[PDB]
Visitor: 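Can you read through this structure? Questions will come right after.
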Amino acid sequence: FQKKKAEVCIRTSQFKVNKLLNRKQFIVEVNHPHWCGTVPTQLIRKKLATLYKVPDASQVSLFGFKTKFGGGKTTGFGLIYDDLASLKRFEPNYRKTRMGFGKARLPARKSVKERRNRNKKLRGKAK
Amino acid sequence: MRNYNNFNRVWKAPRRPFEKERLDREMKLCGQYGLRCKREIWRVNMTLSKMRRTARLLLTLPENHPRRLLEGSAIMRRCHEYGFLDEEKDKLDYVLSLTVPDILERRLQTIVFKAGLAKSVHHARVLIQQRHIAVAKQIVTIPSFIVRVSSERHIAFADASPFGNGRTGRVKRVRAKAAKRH
Amino acid sequence: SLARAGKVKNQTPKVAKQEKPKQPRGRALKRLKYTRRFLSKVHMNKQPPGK
Amino acid sequence: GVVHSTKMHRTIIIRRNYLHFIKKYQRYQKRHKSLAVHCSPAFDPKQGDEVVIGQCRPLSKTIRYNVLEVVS
Amino acid sequence: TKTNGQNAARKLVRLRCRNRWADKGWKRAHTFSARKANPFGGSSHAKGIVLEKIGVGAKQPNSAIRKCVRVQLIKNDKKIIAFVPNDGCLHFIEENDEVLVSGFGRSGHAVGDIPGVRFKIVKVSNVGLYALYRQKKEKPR
RNA sequence: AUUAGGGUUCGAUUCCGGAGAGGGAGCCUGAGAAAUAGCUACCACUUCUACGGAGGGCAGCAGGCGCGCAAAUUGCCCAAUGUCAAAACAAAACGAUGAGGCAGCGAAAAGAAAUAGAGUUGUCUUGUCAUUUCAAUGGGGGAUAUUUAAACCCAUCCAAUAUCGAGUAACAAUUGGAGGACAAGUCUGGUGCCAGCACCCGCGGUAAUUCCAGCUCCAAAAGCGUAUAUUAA
Ligand SMILES: [K+]
Ligand SMILES: [K+]
Ligand SMILES: [Mg+2]
Ligand SMILES: [Mg+2]
Ligand SMILES: [Mg+2]
Ligand SMILES: [Mg+2]
Ligand SMILES: [Mg+2]
Ligand SMILES: [Mg+2]
Ligand SMILES: [Mg+2]
Ligand SMILES: [Mg+2]
Ligand SMILES: [Mg+2]
Ligand SMILES: [Mg+2]
Ligand SMILES: [Mg+2]
Ligand SMILES: [Mg+2]
Ligand SMILES: [Mg+2]
Ligand SMILES: [Mg+2]
Ligand SMILES: [Mg+2]
C-alpha cells in the first residue's frame, strides 16, 4: 500500500447521438480506486466536460449512479445536450432542480385538491 | 398486490428428524467444512436432488433424443464449469454419482482454505465475511459462493484489504489515533 | 378440591441459576461440538454413580 | 347423428353417442347428447336413420341445426 | 374383486363414490354434522368467558384432580370444559375473565386421562397463560 | 400445495371472464349503462333544520365502529407505468389521476448472513482449561457525498493535505426437550396417586430415568413451540 492522490477516470459505453432531443446518450462508469467515499456528480460532470470537449459543463446531465459492491467503481447514465438552452427545454424539472435551475416547488397537492373541491360548489366569479 | 417478483425455497428438512447415522454424518460435514447450520447442508442436498432428478429423467430418454442431447450437454457443461465433475467423465451417468462433499469442496470457504490463504476453514469463513477475499478483482463476502474452475486461479486478497494493497485495518488505525492523541 | 393447586411448585425450594461464561454462538458452537465429539459405546451425558 | 324421434312437425330429435374418457380410471363411459334439428320436407327420415346436420341460426328455442343428408 | 372392462368407467366412478363414505375421516371432512357439533365451528381457537372453576377427576388408573374451567364462547354462547395446562395456573384464572381456548391436539377427541375434555386454555385476559406461568408477563389489572 | 407413478387437495385474492355497488325495481343521456362518487320510486337505516323543508350510500384510498382466532398510515408523489383530454417540452405559462408508484407498519412466506479468528506459555501428537499476544471486521456514529420526485434503505469511505469506534469483544441466543417411539442423565434436591406431566404407551402411593427445580447433555437455530385444516405417511 502506497499513499497517492485519488484520481478518477471516466469511461463511456453504449454511446448514441439523439438528434431528436438534441443530445448525446451514454453510460458513464467511473473508476475511483482510492477515493474516500462516493465521487460527487459535479466532479464527474467536470471530467466529462473536459473529456468530450463540450464548451459548457452545465450542458452535461448525469443521474442514476450506482456504486459497485466492493468499491472502486461507479456506473451511471449521462446526457450531453447540444446547448444549454436545449438542456433547459428538454430536461425534466427535478433534474434541472438538482443542477440548480429548476422551477419552484408547487404547493402541497392536498391544498390544491381541497381548493378544487370547494370551487366545484361555487359558480361564476365566486369560483 | 400486483407484484410479480418470484421466489422459491432452496432447502428441505429431512423426513426423519432424529436419525443417529444422519446426525453424525451431518456433524462431520459441519465440522469439516466450517458450516454455520444444517440448513447449508440441506441446501446442498436440494441442489443435488434436482440435478439427479434431471439426470434420471434424461437417462430414461433414448440417447438420440433432442431434449436429452441439449439438456444433457448443458448439465455436463455446468458440472465441469463449476468443478463438480472432472473433465475425464463426460457421460450423463456420472452426474448421478455426485455426493455432498463434491459441492461443498467448491464453496469459496473451502477453496480459500485449500488455496493456503487461510490457516483453517474457520479462518477462511471470517476472512470472506470481512471483505478480504477477491475473485477476479471482485470482493466476495458470501462463503457459499461456488467457485468456477476458470475463476479458481483468480482468488487472492482484495486490493482494498489490509492483507492485500489497502489501508491499515481497524486496530492499527485506532492505535495510531490513540498514539496521536497521546 | 381446587385448594391444593400449585402445591408442589410453591413447595419447591428456589435455587438461582449459576452465573457461567457465555458459550460461542453460530458456527463457533458447531466447531466446539465437532471438537468435543470427534478429534478427541459412546455416552454423551454419562453421569457420576448414585443410588 | 342417428334419428331418435320424429314426433314433432318438420323437426326431429337426433342423438349423438360417444365415449368419454375418464383419466383416473383409464376407461371410457358411454354418453349421449340430444339435438333438436329442423328436417326439411325434402327428407323423410325414420327412427334409427343416420343424418348429417349443419349449424344454422337459431330457428326456435332449441333448434340450431338443419338436416342436410339422410343415410338409411 | 372388481370390474375391469375397457368401457366400464361409470361403474368404477360410482363404486368409488359410494364407498368413500365408509371412511370416517373422509365422511367427517365432507359432512357438516361434525362442524355443527364442533363448538369452535371449524376455528382453530375461540374466545370465551370463564364461568366456573371445576375439578375433573382423572380416569383410572390415574388419580388426580385435573384443574379445568367452564367457558362460554363469545361467538355462539356454547358451554365447554377447558383444561388449565400447567402447575398452579388455575390461580391466574378468575370468573368473568376473557380466555382464549384452543384444541387439545386430537381434533375433537378427548386427550389423556381427563374425561371428555378436548379444549385447553392458552390465554387469559389477553396475555399468554404459559407466559404468566414462566413469569415473562404480568396479569393485567 | 403435496406428489416414484397414478392421485389427493386448495384456488375470496394480482391475469383473463362474469357479476354487484345497502335491498329490489325502473329509466334518461349516450356509440356503448338497465351506470349508481347518474336520475326516479318504495323498504330498511340515517344526517341537517329556524318545523315551513332539504340530504346520504367507502364491496375506491386512508381511516373509524362492530364482528371476530384473525389482517397496516386519516403518510409523500405524479419522478416511473398507464388512462382521459381541446393536450409534445419549454417560454408571465408546472392538466387531473388514493389507477399507479414511494416510504411507514408488517418473524405470512422466500433469499443471503453475524455473535468471533490466529497463535503464546503453562497445565491436563491431537485435544481440553487458565492467561496472553496479535491482527481483522461489521452492529453502530457520521460524510466531499451517493441514492431518491424529495426523503429513506442499499451500495462507497473512515483521507485524497486532512476523517470514529469491541475483550467479560455486558455488542452477553433462543425455543423445546433428556423412559420408548426419538437425539440426549441408571446426576443432585423437593413432592409423595398430591401437585402435576403425558399427542400414544405410560410416570407420580417416600430411593420418580417421566412432575417441580438445579447442573449437565441433546435437537433446530434467528428462529423454536402450540392449535386447527390439508398433502404425504
Ligand atoms: K403520471
Ligand atoms: K430424585
Ligand atoms: Mg379464483
Ligand atoms: Mg366467502
Ligand atoms: Mg383484498
Ligand atoms: Mg354493474
Ligand atoms: Mg344501478
Ligand atoms: Mg363510493
Ligand atoms: Mg340507493
Ligand atoms: Mg376504506
Ligand atoms: Mg396476523
Ligand atoms: Mg392502490
Ligand atoms: Mg456501518
Ligand atoms: Mg427503496
Ligand atoms: Mg435415545
Ligand atoms: Mg426423592
Ligand atoms: Mg432473519
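Letters go in sequence order (proteins before strands), and every chain restarts at 1. Computed from heavy atoms alone, side chains included, the values below leave out hydrogens, waters and symmetry copies.
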Visitor: Pairing status of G95(F) with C84(F) is requested, where a pair means Watson-Crick or G-U wobble geometry with both distances under 3.5 Å.
Guide: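 Under the 3.5 Å cut-off on both distances, the two nucleotides are paired.
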Visitor: Could you report the tightest heavy-atom contact between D113(E) and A58(E), atom names first, then the distance?
Guide: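 Closest heavy-atom pair between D113(E) and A58(E): OD2-CB, 3.2 Å.
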Visitor: Can you check whether any acceptor in the base of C194(F) is under 3.5 Å from a donor in the side chain of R4(C), or vice versa?
Guide: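 Under the 3.5 Å cut-off, the side chain and the base do not form any donor-acceptor pair.
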Visitor: Look at atom CZ of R20(E) and say whether more than 12 heavy atoms of other residues, nucleotides or ligands are closer to it than 6.0 Å.
Guide: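 Yes - once you tally the heavy atoms of other residues, nucleotides and ligands closer than 6.0 Å, there are more than 12.
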Visitor: Taking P14(B) as the fixed residue, which of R22(B), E19(B), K38(B) is the one that meets the side-chain contact (heavy atoms from CB on, under 4.5 Å) rule?
Guide: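 Of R22(B), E19(B), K38(B), side-chain contact (heavy atoms from CB on, under 4.5 Å) with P14(B) is met by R22(B) alone.
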Visitor: Mind checking if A130(F) and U131(F) stack, meaning centres of the six-membered rings less than 5.5 Å apart and planes less than 30° off?
Guide: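 Result for this step: stacked.
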Visitor: May I ask which nucleotide in the shown strands pairs with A151(F), Watson-Crick or G-U wobble, both distances under 3.5 Å?
Guide: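 Across all strands, not a single nucleotide pairs with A151(F).
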Visitor: Tell me which nucleotide, if any, is Watson-Crick or G-U wobble paired with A1(F) when both distances must be under 3.5 Å.
Guide: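 Base-paired to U8(F).
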Visitor: Kindly indicate whether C217(F) forms a Watson-Crick or G-U wobble pair with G117(F), where both distances must fall under 3.5 Å.
Guide: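 Between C217(F) and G117(F) there is no Watson-Crick or G-U pair with both distances under 3.5 Å.
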Visitor: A227(F) phosphate, OP1 or OP2: any side-chain N/O from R118(E) under 4.0 angstrom?
Guide: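 Checking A227(F) against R118(E), no side-chain N or O comes under 4.0 Å of OP1 or OP2.
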Visitor: Given that both distances must come in under 3.5 Å, which nucleotide forms a Watson-Crick or G-U wobble pair with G75(F)?
Guide: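 Base partner found: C102(F).
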Visitor: So do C69(F) and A70(F) actually stack on each other, going by six-membered ring centres closer than 5.5 Å and planes off by less than 30°?
Guide: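 Yes: the six-membered rings of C69(F) and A70(F) sit under 5.5 Å apart with planes under 30°.
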Visitor: So, OP1 or OP2 of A149(F): does either fall under 4.0 Å of a side-chain N or O from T97(A)?
Guide: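 For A149(F), neither OP1 nor OP2 has a side-chain N or O of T97(A) closer than 4.0 Å.
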Visitor: Hey, is the side chain of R170(B) pairing donor to acceptor with the base of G138(F) inside 3.5 Å?
Guide: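 Checked by distance alone, the answer is yes.
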Visitor: Would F18(B) pass as stacked on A183(F), i.e. its ring centre under 5.5 Å from the base's six-membered ring centre and planes under 30° apart?
Guide: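 Taking the rule of under 5.5 Å and under 30°, the ring of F18(B) does stack on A183(F).
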Visitor: For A135(F) versus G141(F), give the span between their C1' atoms, rounded off to a whole number of Å.
Guide: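 Per the computed distance, 24 Å lies between those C1' atoms.
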Visitor: Which is more 5' along RNA chain F, the nucleotide nearest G70(A) or the one nearest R22(B)? Just name the residue.
Guide: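 Its nearest nucleotide being more 5', the pick is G70(A).
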Visitor: Check the phosphate of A135(F) against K172(B), side-chain N and O only, distance under 4.0 Å to OP1 or OP2. Yes or no?
Guide: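 So the side-chain polar atoms of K172(B) do come within 4.0 Å of the phosphate oxygens OP1 or OP2 of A135(F), strictly under.
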Visitor: Stacking check, if you would: do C212(F) and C211(F) have six-membered base rings whose centres lie under 5.5 Å apart and whose planes meet at under 30 degrees?
Guide: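 Judged by ring centres under 5.5 Å and planes under 30°, these neighbouring bases count as stacked.
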Visitor: For the residue pair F104(E) and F83(E), does the interplanar ring angle fall in the parallel (under 30°), tilted (30 to 60°) or perpendicular (over 60°) class?
Guide: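 Parallel.
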Visitor: If you draw the axis of the six-membered ring of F63(A), does the NZ or CZ of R95(A) fall within 45° of it and under 6.0 Å from the ring centre?
Guide: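 Yes, a cation-pi geometry.
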Visitor: Look at the side chain of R36(B) and the base of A222(F), then say whether one donor and one acceptor between them are separated by less than 3.5 Å.
Guide: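 Such a pair does not exist between side chain and base.
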Visitor: Provide the Watson-Crick or G-U wobble partner of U163(F), both distances under 3.5 Å; none if there is no partner.
Guide: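 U163(F) is paired with nothing.
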Visitor: Considering just the side-chain nitrogens and oxygens of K7(C), establish if one lies under 4.0 Å of OP1 or OP2 belonging to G196(F).
Guide: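 No, outside the criterion.
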Visitor: Would you please confirm or rule out a distance under 4.0 Å between OP1 or OP2 of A233(F) and any side-chain N or O of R15(B)?
Guide: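 It does not, given that no N or O in the side chain of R15(B) lies less than 4.0 Å from OP1 or OP2 of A233(F).
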Visitor: Both distances under 3.5 Å and Watson-Crick or G-U wobble geometry: does that hold for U206(F) with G127(F)?
Guide: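 Result no; criteria under 3.5 Å not both met.
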Visitor: Reading nucleotides 65-72 of chain F from the 5' end, what letters show protein touch, with B for base, S for backbone sugar-phosphate only, - for no heavy atom under 4.0 Å?
Guide: ---SBS--
Visitor: Measure from the side-chain N and O atoms of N76(E) to the backbone N and O of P39(E), and report whether any donor-acceptor pair falls under 3.5 Å.
Guide: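 Pair found, side chain donor or acceptor close to backbone of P39(E).
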Visitor: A155(F) base to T67(A) side chain: any donor-acceptor pair below 3.5 Å?
Guide: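 Present.
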Visitor: Taking only side-chain N and O atoms of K103(A), does any of them lie within less than 4.0 angstrom of OP1 or OP2 on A92(F)?
Guide: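 No, because none of the side-chain N or O atoms of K103(A) sits under 4.0 Å from OP1 or OP2 of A92(F).
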Visitor: Taking only the side-chain nitrogens and oxygens of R109(A), find out if one of them lies under 4.0 Å from OP1 or OP2 of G98(F).
Guide: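 Checking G98(F) against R109(A), a side-chain N or O does come within under 4.0 Å of OP1 or OP2.
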Visitor: Strictly by salt bridge (charged side-chain N to carboxylate O under 4.0 Å, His left out), give each pair with a member in residues 156-174 of chain B just once, sequence neighbours left out.
Guide: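 Found none.
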Visitor: Extract from the structure each pairing of a protein N or O with an N or O of nucleotides 199-209 of chain F at less than 3.5 Å, listing the distance.
Guide:
unit_1  : atom_1 : unit_2  : atom_2 : d
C200(F) : OP1    : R106(E) : NH1    : 3.4
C200(F) : OP1    : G112(E) : N      : 3.0
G202(F) : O6     : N62(E)  : ND2    : 2.7
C203(F) : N4     : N62(E)  : ND2    : 3.3
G204(F) : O6     : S63(E)  : N      : 2.9
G204(F) : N1     : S63(E)  : O      : 2.9

Visitor: Pairing status of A169(F) with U175(F) is requested, where a pair means Watson-Crick or G-U wobble geometry with both distances under 3.5 Å.
Guide: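 The answer is no: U175(F) does not partner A169(F).
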Visitor: Examine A113(F): is either OP1 or OP2 under 4.0 Å from a nitrogen or oxygen in the side chain of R43(B)? Give yes or no.
Guide: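 Checking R43(B) against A113(F): at least one side-chain N or O falls below 4.0 Å of OP1 or OP2.
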Visitor: From the list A135(F), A112(F), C89(F), which nucleotide is the closest neighbour of the side chain of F163(B)?
Guide: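 Out of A135(F), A112(F), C89(F), the nucleotide with an atom closest to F163(B)'s side chain is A135(F).
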Visitor: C39(F) with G26(F): Watson-Crick or G-U wobble pair, both contacts under 3.5 Å?
Guide: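 Yes.
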Visitor: Does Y4(B) or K96(A) map to a spot on RNA chain F nearer the 5' end, using the closest nucleotide for each?
Guide: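 Counting from the 5' end, the first nearest nucleotide belongs to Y4(B).
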Visitor: Indicate, yes or no, whether a donor-acceptor pair under 3.5 Å links the base of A213(F) to the side chain of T12(C).
Guide: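 No, no donor-acceptor pair under 3.5 Å.
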Visitor: Is the distance from OP1 or OP2 of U175(F) to the nearest side-chain N or O of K136(E) less than 4.0 Å?
Guide: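 The answer is yes; a side-chain N or O of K136(E) sits under 4.0 Å from OP1 or OP2.
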Visitor: Going by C1'-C2'-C3'-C4', which side is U186(F) on: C3'-endo/north or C2'-endo/south?
Guide: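 North is the answer for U186(F), its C1'-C2'-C3'-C4' torsion being positive.
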Visitor: Would you say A114(F) has OP1 or OP2 under 4.0 Å from some side-chain N or O of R125(B)?
Guide: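 Yes, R125(B) has a side-chain N/O under 4.0 Å of OP1/OP2 on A114(F).
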Visitor: Can you establish whether the number of heavy atoms outside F21(D) located under 6.0 Å from its atom CZ is more than 12?
Guide: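 Buried by this count: over 12 neighbours within 6.0 Å.
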Visitor: Give me the ring orientation class for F163(B) and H132(B): parallel if the planes are under 30° apart, tilted from 30 to 60°, perpendicular past 60°.
Guide: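 The arrangement is tilted - the two ring planes meet at 30° to 60°.
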Visitor: Can you tell me the base-pairing partner of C157(F)? Count Watson-Crick or G-U wobble geometry only, both distances below 3.5 Å, and say none if there is no partner.
Guide: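 Pairing partner, where one exists within any strand: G142(F).
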Visitor: Is it true that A108(F) and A109(F) stack, with six-membered ring centres under 5.5 angstrom apart and planes under 30°?
Guide: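 Yes, six-membered rings of the two bases stack.
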Visitor: Looking at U121(F) opposite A130(F), are both of their pairing distances below 3.5 Å, so that they form a Watson-Crick or G-U wobble pair?
Guide: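 Taken together, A130(F) and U121(F) make a base pair (Watson-Crick or G-U wobble, both distances under 3.5 Å).
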Visitor: How far, in whole Å, is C152(F) from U148(F) if one measures between their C1' atoms?
Guide: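 Result for the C1' pair: 8 Å, nearest Å.
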Visitor: Are OP1 or OP2 of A99(F) and a side-chain N or O of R2(B) less than 4.0 angstrom apart?
Guide: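 False: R2(B) side-chain N/O out of range (4.0 Å or more) of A99(F) OP1/OP2.
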Visitor: Tell me whether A96(F) is paired to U83(F) (Watson-Crick: purine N1 to pyrimidine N3 plus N6-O4 or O6-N4; or G-U wobble; cut-off 3.5 Å).
Guide: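 Between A96(F) and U83(F), a qualifying pair exists.
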Visitor: Indicate whether any N or O donor in one side chain lies under 3.5 Å from an N or O acceptor in the other, for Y81(A) and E91(A).
Guide: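 Distance-only check passes for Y81(A) and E91(A).
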Visitor: With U125(F) and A54(F), is there a Watson-Crick or G-U wobble pair, both distances less than 3.5 Å?
Guide: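 Answer is no for this nucleotide pair.
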Visitor: For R27(C) and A221(F), is the shortest distance between a side-chain N/O and OP1 or OP2 below 4.0 Å?
Guide: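 So the side-chain polar atoms of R27(C) never come under 4.0 Å of the phosphate oxygens OP1 or OP2 of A221(F).
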Visitor: Would one find a side-chain N or O of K20(B) under 4.0 angstrom from OP1 or OP2 of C218(F)?
Guide: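 Checking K20(B) against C218(F): no side-chain N or O falls below 4.0 Å of OP1 or OP2.
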Visitor: Is there side-chain contact between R36(B) and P143(B), with at least one heavy-atom pair below 4.5 Å?
Guide: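 No, their side chains stay 4.5 Å or more apart.
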Visitor: Is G38(F) paired with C27(F)? Use Watson-Crick or G-U wobble and require both distances under 3.5 Å.
Guide: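 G38(F) and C27(F) meet the Watson-Crick or G-U wobble geometry.
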Visitor: State which of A149(F), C194(F), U163(F) makes the closest approach to the side chain of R105(A).
Guide: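 Taking heavy atoms from C-beta onward, the closest nucleotide is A149(F).
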Visitor: In terms of base orientation, is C171(F) syn or anti, with the syn window spanning 90° either side of 0?
Guide: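 Glycosidic conformation of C171(F): syn.
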Visitor: Is the shortest side-chain N/O distance from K9(C) to OP1 or OP2 of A213(F) below 4.0 Å?
Guide: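 Yes, because at least one side-chain N or O of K9(C) sits under 4.0 Å from OP1 or OP2 of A213(F).
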Visitor: Stacking between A162(F) and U163(F), judged by six-membered ring centres under 5.5 Å and planes under 30°?
Guide: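 No: the six-membered rings of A162(F) and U163(F) fail the 5.5 Å and 30° test.
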Visitor: Counting only Watson-Crick and G-U wobble pairs, both distances under 3.5 Å, are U47(F) and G106(F) paired?
Guide: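 No pair, by the stated definition.
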